[PDB]
Amino acid sequence: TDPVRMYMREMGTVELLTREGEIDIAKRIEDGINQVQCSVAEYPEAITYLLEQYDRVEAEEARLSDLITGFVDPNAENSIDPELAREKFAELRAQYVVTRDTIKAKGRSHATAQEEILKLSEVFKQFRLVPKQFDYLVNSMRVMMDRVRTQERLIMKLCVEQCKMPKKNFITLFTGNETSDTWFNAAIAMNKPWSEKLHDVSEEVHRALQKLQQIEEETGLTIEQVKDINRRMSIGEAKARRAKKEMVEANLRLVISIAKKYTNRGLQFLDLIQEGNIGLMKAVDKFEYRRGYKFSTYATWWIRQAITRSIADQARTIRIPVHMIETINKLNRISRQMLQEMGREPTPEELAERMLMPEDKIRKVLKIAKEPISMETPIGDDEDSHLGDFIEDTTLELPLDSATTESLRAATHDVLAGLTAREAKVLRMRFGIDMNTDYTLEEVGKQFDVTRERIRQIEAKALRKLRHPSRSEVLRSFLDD
Amino acid sequence: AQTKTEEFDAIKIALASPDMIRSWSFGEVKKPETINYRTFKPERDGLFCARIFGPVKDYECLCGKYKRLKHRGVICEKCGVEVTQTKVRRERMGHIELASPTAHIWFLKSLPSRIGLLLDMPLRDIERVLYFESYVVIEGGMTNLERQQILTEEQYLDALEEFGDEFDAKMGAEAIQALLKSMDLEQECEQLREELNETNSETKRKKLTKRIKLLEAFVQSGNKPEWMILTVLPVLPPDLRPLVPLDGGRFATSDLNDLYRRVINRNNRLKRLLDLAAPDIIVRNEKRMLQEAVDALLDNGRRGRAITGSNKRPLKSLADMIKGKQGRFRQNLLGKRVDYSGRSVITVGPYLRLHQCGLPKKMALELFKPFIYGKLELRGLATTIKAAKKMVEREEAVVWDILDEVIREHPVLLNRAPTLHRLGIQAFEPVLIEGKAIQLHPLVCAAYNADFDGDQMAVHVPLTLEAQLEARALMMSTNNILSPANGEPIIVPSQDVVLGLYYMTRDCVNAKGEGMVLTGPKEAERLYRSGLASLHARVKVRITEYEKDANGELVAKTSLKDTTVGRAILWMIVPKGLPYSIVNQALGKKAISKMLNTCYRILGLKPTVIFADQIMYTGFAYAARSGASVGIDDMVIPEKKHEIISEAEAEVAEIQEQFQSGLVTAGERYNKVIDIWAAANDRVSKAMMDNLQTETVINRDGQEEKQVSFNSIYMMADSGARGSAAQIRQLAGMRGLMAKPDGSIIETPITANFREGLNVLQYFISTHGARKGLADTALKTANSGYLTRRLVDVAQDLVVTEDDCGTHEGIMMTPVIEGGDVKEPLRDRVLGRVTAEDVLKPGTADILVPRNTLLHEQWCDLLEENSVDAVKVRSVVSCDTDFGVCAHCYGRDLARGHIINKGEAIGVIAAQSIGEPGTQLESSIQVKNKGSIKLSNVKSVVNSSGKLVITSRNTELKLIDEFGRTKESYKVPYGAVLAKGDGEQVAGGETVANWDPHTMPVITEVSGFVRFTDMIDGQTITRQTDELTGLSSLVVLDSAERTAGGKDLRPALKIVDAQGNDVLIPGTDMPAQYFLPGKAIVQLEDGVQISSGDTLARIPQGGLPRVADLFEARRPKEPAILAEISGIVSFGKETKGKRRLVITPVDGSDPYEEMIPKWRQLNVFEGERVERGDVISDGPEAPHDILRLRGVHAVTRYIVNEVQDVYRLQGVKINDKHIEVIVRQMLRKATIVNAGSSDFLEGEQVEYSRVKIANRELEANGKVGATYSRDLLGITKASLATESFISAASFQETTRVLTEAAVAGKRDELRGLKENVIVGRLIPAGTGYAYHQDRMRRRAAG
Ligand SMILES: Nc1nc2c(ncn2[C@@H]2O[C@H](COP(=O)(O)OP(=O)(O)O)[C@@H](OP(=O)(O)OP(=O)(O)O)[C@H]2O)c(=O)[nH]1
Ligand SMILES: [Sr+2]
Ligand SMILES: [Sr+2]
Ligand SMILES: [Sr+2]
Ligand SMILES: [Zn+2]
Ligand SMILES: [Zn+2]
């Protein structure tokens, strides 16, 4: 086989790092996550979102799980108690208004304001979020970044390309000011051939800046402050993810050692390693360097968890649940015991006693535990034949029976023709003959001019004439079926 | 225009687009789920689904809310299942969206790589990128890497830092898809045509032409190279890969289902890994197996080998469904189960007619089951279908009466395994007989290879009026009394019928009642059955014979004839329109077969059928009356059996004395002793035919003894009923000689016959030939059956197109004469054939014999009196008839009595006519007419012994008669002894020239002693035994088997005088040294004096495999050398013992040279005017060499004659017209010389070029005349070049054909016969030929 050989040669180049070498990578992981957490704390909308989504679940009475478990999780500087949940989100709301009056006065972050913003970040770092709720907070900065650089690209499109302008003059004007319109109209005041020809598209350049300058009022930070955090956030995300790769790459040899034992079960050899590598992903994300224990012991449990879960979920054609798999494994262990202790073979009456389960349960599982047989199983060969060749189709109706159904409808049509006019219409509605819908006794009465009780009389009258041997000799032949 | 009509005419195959796959699909398979363990139902979005593929039940939903056939085409809002029939699960397909592009295995691994040839990159470079080992350059500019450059990770890192941005290179199957994305098909073809201008090449030119042929076919169809790598994977319908509960309870699933799961599993994992942290090592490895997952799904037997989850077997992949000896493509013909069919053991039916068979009562009731119900409700006996079902099952008396009414006038086909020729399936009108066995007519049993001992026959029943008519008009036994292989009738009496007529016609010396006058043939029956006269004895009878009139019929000649009593009774059986002389003689199998053959052409088809049955009825009756019995006393041993044996028994011991003494050597004893027993075996056999052949002696009338013996064994041998003369030899006389496991014949033969008790040693000796002969028979059917299969696949797609083809050209036909004996006359050869040119031979006064007319059996009689020779008749080879045979320019139908009607498939009959009877599989010139021998170019020299050996390369023999004219022409080769010189009178029956047939002797010129210079024993020469002169002789070995010691030594004989000096060759002052080539056998010893004319050294040169070898056009081990260009030809330079032939004419240019091996003996010396196609090396001729030089006529007659020679020795009669049909299928496909429209080499049909040349020279804007040379392809070399992918993938390799059809974008218009059998359409032959012409005509207009 080809795919098995070169995989061992790809990870063979990467050497194993042990002891203090593991900590060097582990330190970059936690510092990488913390740098991202600092970027979320600096963002003003994240403080608003944490107060907005808190009132979404708290207003719907006191709960315990689902959404509240994703939030809270506090650390002072499991079922979460309502006493502390109301307590921790209380000072955050108080810090939202006190660190706002200093921003409106003078500059954005002026001396005293800078002291309170750093105080505001300390309150935000107190909370820890579950990945489910943590992802959208990052998306509140990822999608909004695709609104700042995209609109600036539109400004650059209708000035540098449309008006044919050098890129040197754009550096000083679109960095020092950014906010005001002292770069758009100020360039025309110098009087230049490529500066005066900007009036042709003036209704699109600084007008589109209202989808950029409005962000300063939407979020609470200037263009200088928005780009400073978003670009810094991408650093921490690249810090952790790339360091987690090095931890996985070095411990790929540990995955193979565990995967070789579970080969005779069902799944292919390479499928066990690839699923085991996904188990190694969980063994790094939840791992800490503050644990003070061996990485190999913690990784083995997570790698084995991924293999054991997939080995029962997949492998077989018909899927067998986790609880049902455990009973099949229990059957095989006692079958080895009872065969040689007694003498011959364990009977369903005797096998049910040691399992502490009723006879109707064991005899049911034995049928489910059997793997479906292959289609091309050779039986005797000689003239070359398979199992799938001798299997008959029961879905198809016989051509003799198909002709009988056609003959029955043709016979009944001549039978209904012999009836006295209205007698045929009733039976064709009561039994749905030659009609799409089947009608009830109440439905005919209102659509046949006659009363309700009379319908029962003429129905039996029509039947009696067809119960006669002289008239219905052809219909009596269909009674054989 | 029609949109919803499913009536198709053509099928096309191309590469599928990812968007086109979604068009087939109805939903996406995202889960590897199948069926729940609790309730056996499809799950969500797995392999088995109701929302995607269709509901499991007929017109029902999964939950069971929507019920009854009321709802149709209703999409559910609770489940999402369309309320339709469950047959939708057989037609609807799904799709799997791949996260990463995975390559197709059919376009990658299948040689010589479709992706590889399109990109000009070897497979080793593609796989290393795809497999994730190295990068590849896609875009190029000023990066020094240009294109398709393989780069490692360490090389790619340094290359990006130096350049980057503008440079583009990717890794994996994504790179290959991007490489096929960037390539421009319009500009790649222009560049390749420019470079093929100055540097052309010869052998390396083929790969350059291969690329153009691949690129040009890719653009014209519009396949797009981007779809080579799969992005969307289609899924099979759940019904084709089903999970059905068996009788026991355990499920049964397809191997495809197990393969599909291991595709989606890693597809779902890759979708997870791409968003949940992506390290390159793991991601590339997940893409590595996903590519292998599709590879194992499509064709498992390529890259690795996947093992089933529970079973230890290779899984049936998507490719394995089509191929594998028994799949889906191959089961359309062979593995086809058929309704309305029966099977039972065959039995005799003497009371039945030729058109009647004895079909069982209980079988016919079961077979015509629906036919009973149809004519039971119609009669008014049964009320409905169910009431008619109860009457049949109860076996009512009235049902048997109706059953006979339906069977009457309804034909029934009878098939026997195996069918070698078409007569294996014949229609018969059944007669109801009680029993479980089927009765067959004894006469038609000769057509099949059937014997009533334990054989079984298939009983097929036609259903429609069209099927009933083509069984009576075509497949009926009465219509098929003649064989399609030859003009001789196949329905010929055998065994009991022959023995009955033989005893009836034979005469005795003096039986009861002799010398009577007898009034009519009626009084002959009056005497025999009453008990007054026997069947034998010569008695005069009054007979009234009716001869054929010129107009017909008035001739009634009555005369007294001298016959027997039994011959007169048989005349009543003989029809009126037949002479009395045909029944006058004692009738055997050879004589009775002539009766039906004469009765056919003289009267018709109807009279001879009634007569054929009348012979059978009378044949059995008089065979029973005779009472022939094989007794132990009938096994008569020759009077002096052991007397002859004793004369030869110790005669072996006489040579045993010579074995020890030294008169006759040990090697010469074995072949001399065996000749005594061979002569003794024939002597006992000839003595046996005296006490068994004519042993009567006791005659009451007179004192004579001359009479044909009335022995029961001789009666079976002389008539030819059962048992030939060879069988009687072993039983009464002597068994003969037996063979050894090696192949040699045993010293002492079995003396004991089957009359006496054989010995224990003798019986163990005889067993070897029994277990070897039958062992050959066990594989004879397999070898000849493959030969029948071989000839069909090449000629099946050939039918009669036109009524007459406008060419007055054919093949010269001469009666085959071997040495001085005629095998087959002109009458049997030119019978059926239609003449191309009128008869111009003078003999009797007449006004010409008309051409383009059918030669009748009576018309050929006129040519016999005039003695006509060499007639050019219109044949199958010389035909310019688009695609098929031209009817009139072909010949007669052998099964019919006239010309073959248009529409009938010739190639299928031609293949079966040779494959069926395939199971049964000169040296000295003698003159009879008086004259005188005159010789030209004589260079004869008289030797010491007294042999007139000629020292000339070319010698011809001529005879001068009384008047002074040439009579016969014969060729004399080198190394031959002439009896008479120039101008000598010869007697009637005398040999004039004699030479050894299987050798090439070397003759010396100078006389004297022989020196063995450079002839060291062991180093160059070895000792063995020559098998012609013979004794112990020196054998010269070629430069391959020689030892390492003697490397540079030339084997040559030096001629010296009495002193020791060399005798000079008359002409040059060079010493006499005759250089001997390899393989040559030296007879002379050292010191032996030789005269002028003495031989120095001689140079040496099956059955069914021979026929197979000639049809496959395989070149022999020693091919014959032939001159290519006519003119003044001279030799050039020398090496050791070989000559380089330089052929130069007179006109311009003409640069040609040849190289010839050293051991070959030539037929030219120096400065010879040689013509095109002359024999230089004697022996077998190469099939390709004859076509190259002699033309497309001498090669066609070469195939006919060489194949027939094999069948003539075995005793098989096959016409020459059947062979030439396959010859036309060998000559097709020709190489072009002159520039026309496309390339030079290529592969275009002969007629395809003939349509081209007729269109180019007049119109079509081309004006160029494309010159073509005919090529020969032996069956399998021609059957591959079919213009259909449906026909090809039937017998050829399936994966290669389907890939070639997809890339080129081929269309199958369904014209071949094999093409329409697979799809389930009417055959473009016979009845369906007139149907097929209605659709082909409306393609141009519309
Ligand atoms: N024993 C015997 N009989 C033969 C043979 N050939 C023809 N017949 C009989 O001749 C009758 C008519 O045959 P056709 O072939 O129709 O002759 P036709 O065209 O000249 O009328 C049939 O009688 P039928 O079946 O009763 O048909 P019909 O007379 O009811 O039409 C058939 O039995 C033969 O070789 N042997
Ligand atoms: Sr009314
Ligand atoms: Sr036979
Ligand atoms: Sr047999
Ligand atoms: Zn439903
Ligand atoms: Zn022709």
# chains A, B, ... in the order shown; residues from 1 in each chain; ligands from 1
$ interface_residues --of "chain A" --to "chain B" --cutoff "6 Å" --atoms "only C-alpha atoms" --output "list in words"
residues 1, 245, 318, 372, 373, 374, 375, 436, 474 and 477 of chain A
$ residues_near_ligand --ligand "ligand 1" --cutoff "7 Å" --atoms "only C-alpha atoms and all ligand atoms" --output "PyMOL selection string"
chain B and resi 353-354+609-611+613
$ residues_around --residues "segment 257-259 of chain A" --least-positions-apart "3" --cutoff "12 Å" --atoms "only C-alpha atoms" --output "ChimeraX atom specification"
/A:251-254,262-265,267-277,279-280,296,299-308,311
$ write_last_selection --atoms "C-alpha atoms" --output "compact mmCIF listing (two decimals), in the first residue's frame"
# COMPACT_ATOMS: atom_id res chain seq x y z
CA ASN A 251 2.84 14.11 19.09
CA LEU A 252 1.73 12.35 15.89
CA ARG A 253 3.82 9.28 16.79
CA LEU A 254 1.83 8.82 20.02
CA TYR A 262 -7.98 -1.20 17.53
CA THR A 263 -7.29 -2.47 13.99
CA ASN A 264 -9.09 -5.85 14.10
CA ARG A 265 -12.45 -4.29 15.04
CA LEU A 267 -12.45 0.45 10.60
CA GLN A 268 -9.39 0.74 8.33
CA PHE A 269 -5.91 1.34 9.81
CA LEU A 270 -5.50 4.87 8.41
CA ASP A 271 -9.02 5.90 9.48
CA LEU A 272 -8.04 5.27 13.12
CA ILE A 273 -5.04 7.61 12.96
CA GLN A 274 -6.86 10.44 11.17
CA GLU A 275 -9.69 10.33 13.72
CA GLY A 276 -7.06 10.02 16.46
CA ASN A 277 -5.46 13.25 15.21
CA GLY A 279 -8.67 13.61 19.32
CA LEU A 280 -5.22 15.21 19.62
CA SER A 296 1.24 11.89 27.32
CA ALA A 299 -3.44 12.96 25.50
CA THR A 300 -4.01 9.17 25.61
CA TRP A 301 -7.52 9.63 27.05
CA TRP A 302 -8.54 12.10 24.35
CA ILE A 303 -7.08 10.09 21.47
CA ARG A 304 -8.78 6.90 22.73
CA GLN A 305 -12.09 8.78 23.11
CA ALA A 306 -12.09 9.78 19.42
CA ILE A 307 -11.27 6.24 18.26
CA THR A 308 -13.80 4.40 20.47
CA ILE A 311 -15.38 2.74 15.83
$ select_by_dssp --residues "segment 35-264 of chain A" --states "alpha helix (DSSP H)" --output "number ranges by chain"
A: 35-42, 44-52, 54-58, 82-88, 91-98, 101-104, 112-124, 131-142, 149-156, 169-176, 193-196, 202-205, 215-218, 223-250, 252-259
$ residues_near_ligand --ligand "ligand 5" --cutoff "9 Å" --atoms "only C-alpha atoms and all ligand atoms" --output "count of residues only"
13
$ select_by_dssp --residues "segment 539-631 of chain B" --states "strand (DSSP E or B)" --output "VMD selection string"
chain B and resid 539 to 545 557 to 564
$ write_last_selection --atoms "N, CA, C and O atoms" --output "compact mmCIF listing (two decimals), in the first residue's frame"
# COMPACT_ATOMS: atom_id res chain seq x y z
N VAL B 539 -34.25 -60.08 -61.40
CA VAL B 539 -35.55 -60.34 -62.00
C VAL B 539 -36.00 -59.16 -62.86
O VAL B 539 -35.95 -58.02 -62.41
N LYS B 540 -36.43 -59.45 -64.09
CA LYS B 540 -36.90 -58.43 -65.03
C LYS B 540 -38.22 -57.82 -64.56
O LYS B 540 -39.16 -58.53 -64.21
N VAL B 541 -38.27 -56.49 -64.55
CA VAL B 541 -39.46 -55.75 -64.08
C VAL B 541 -39.86 -54.68 -65.10
O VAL B 541 -39.02 -53.96 -65.63
N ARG B 542 -41.15 -54.59 -65.37
CA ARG B 542 -41.72 -53.52 -66.18
C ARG B 542 -41.82 -52.24 -65.38
O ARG B 542 -42.46 -52.20 -64.33
N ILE B 543 -41.16 -51.19 -65.87
CA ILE B 543 -41.15 -49.88 -65.18
C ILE B 543 -41.49 -48.73 -66.13
O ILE B 543 -41.22 -48.81 -67.33
N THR B 544 -42.08 -47.68 -65.57
CA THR B 544 -42.41 -46.48 -66.34
C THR B 544 -41.69 -45.26 -65.76
O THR B 544 -42.16 -44.64 -64.80
N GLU B 545 -40.55 -44.92 -66.36
CA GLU B 545 -39.74 -43.78 -65.91
C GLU B 545 -40.07 -42.50 -66.67
O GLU B 545 -40.33 -42.54 -67.87
N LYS B 557 -41.08 -42.54 -70.89
CA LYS B 557 -40.43 -43.69 -71.53
C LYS B 557 -40.62 -44.97 -70.70
O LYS B 557 -40.26 -45.02 -69.53
N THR B 558 -41.20 -45.99 -71.33
CA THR B 558 -41.40 -47.28 -70.70
C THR B 558 -40.55 -48.37 -71.38
O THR B 558 -40.61 -48.55 -72.60
N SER B 559 -39.75 -49.07 -70.58
CA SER B 559 -38.85 -50.10 -71.08
C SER B 559 -38.58 -51.17 -70.02
O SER B 559 -38.67 -50.92 -68.82
N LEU B 560 -38.25 -52.38 -70.49
CA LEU B 560 -37.92 -53.49 -69.62
C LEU B 560 -36.50 -53.33 -69.07
O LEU B 560 -35.54 -53.18 -69.83
N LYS B 561 -36.39 -53.36 -67.74
CA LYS B 561 -35.11 -53.20 -67.06
C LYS B 561 -34.72 -54.45 -66.28
O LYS B 561 -35.58 -55.14 -65.73
N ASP B 562 -33.42 -54.72 -66.22
CA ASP B 562 -32.90 -55.89 -65.51
C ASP B 562 -32.39 -55.50 -64.12
O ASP B 562 -31.20 -55.20 -63.94
N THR B 563 -33.30 -55.50 -63.15
CA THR B 563 -32.98 -55.16 -61.76
C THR B 563 -33.34 -56.32 -60.83
O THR B 563 -33.38 -57.47 -61.26
N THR B 564 -33.59 -56.01 -59.56
CA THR B 564 -34.05 -57.00 -58.59
C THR B 564 -35.46 -56.68 -58.12
O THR B 564 -36.04 -55.68 -58.52
$ closest_residue --among "B:930, B:1208, B:44, B:888" --to "ligand 6" --atoms "only C-alpha atoms and all ligand atoms"
B:888
$ residues_near_ligand --ligand "ligand 2" --cutoff "10 Å" --atoms "only C-alpha atoms and all ligand atoms" --output "list in words"
residues 447, 448, 449 and 450 of chain A
